[PDB]
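Trainee: Please find the sequence and an experimentally derived structure below.
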Amino acid sequence: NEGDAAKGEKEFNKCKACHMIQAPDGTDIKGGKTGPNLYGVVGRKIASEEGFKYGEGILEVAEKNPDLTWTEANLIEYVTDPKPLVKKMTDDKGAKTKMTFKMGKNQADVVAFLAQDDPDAXXXXXXXXXXXXX
Ligand code: HEM
């Protein structure tokens, strides 16, 4: 749980194919365009990132919770098995997701790494209400 990242990035080898890292400019890692830029996230806002085809669910939830800025404790949950977070949260059963990867062995190890890439947590903040605070 010692959330590495060394191990965390190694594994990213398991998101890379759906997912890009890139920055407002160049690309750390290199990954399929299926899924969004995974860079930033941590600090972000569920589904913000523009010009992608977000699954309708994350979309409505981002909505019910104009709040949610992907901590990385959310990252841990989500990726673990995302429907059960997405869903649960809208309460609307029949999540859907566009993400089907289920990752159940090394969670924090990863959020760790992705916490890092999105360097802004700003030392601290911008809000609070649990789950959010970004
Ligand atoms: C553990 C490796 C990966 C992690 C850590 C991960 C993380 C995430 C996160 C945090 C989101 C929500 C972002 C937002 O709110 O915008 C997301 C959305 C998504 N992911 Fe992944 N992901 C992983 C692997 C993959 C893979 C392998 C695929 C393709 C096979 C994929 C497809 C998607 C899609 C389509 C969405 C959009 C969901 C929607 O709009 O409703 N992901 N992912």
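Mentor: Nice, thanks for sending it over. Residues are numbered from 1 along each chain as shown.
Trainee: which ones are touching residue 7?
Mentor: Residues in contact with residue 7 (CB atoms under 8 Å, 6 or more residues apart in numbering) are 106, 109. From N, CA and C alone the C-beta is placed, and that goes for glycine too.
Trainee: Let me know the secondary structure of it.
Mentor: helix (DSSP: H, G, I helix; E, B strand; the rest coil).
Trainee: From residue 42, how far out is it?
Mentor: Residue 7 sits 17 Å away from residue 42, taking CB to CB, to the nearest Å as the criterion.
Trainee: What ranges does this protein have for its strands?
Mentor: 19-20, 35-37 (DSSP state E).
Trainee: Select, out of these, the one closest to the ligand.
Mentor: When these are compared by CB to the nearest ligand atom, strand 35-37 sits nearest the ligand, at 3.6 Å.
Trainee: Is there proximity between that closest one and the ligand?
Mentor: Yes - between strand 35-37 and the ligand, judged by CB under 6 Å from any ligand atom, the touching residues are 35, 36.
Trainee: and that strand, what does it pack onto?
Mentor: Applying 3 or more CB pairs under 8 Å, 6 or more residues apart in numbering; DSSP states H and E, one finds that strand 35-37 contacts strand 19-20.
Trainee: Now look at the strand it packs on and say if it contacts the ligand.
Mentor: Yes - applying CB under 6 Å from any ligand atom, one finds strand 19-20 in contact with the ligand at residue 19.
Trainee: and the protein, which of its residues are near the ligand?
Mentor: 14-15, 17-19, 34-36, 41, 46-47, 49, 54-55, 57-58, 70, 75, 78-79, 97-99, 101, 103, 110.
Trainee: Can you flag which of these belong to helices?
Mentor: Among the residues of the chain next to the ligand, the members falling in helices (DSSP state H) are 57, 58, 75, 78, 79, 110.
Trainee: Can you get me a residue count around the last one?
Mentor: Using other CB atoms under 10 Å, the number of residues around residue 110 comes to 25.
Trainee: for the third one, same thing?
Mentor: Residues near residue 75, counting by other CB under 10 Å, number 23.
Trainee: List the contacts of it.
Mentor: 41, 42, 110, 111, 114, 115.
Trainee: Confirm for me that the first one is in contact with residue 114.
Mentor: The one in question is residue 41. Yes - in this structure residue 41 lies within contact range of residue 114 using CB atoms under 8 Å: 5.4 Å.
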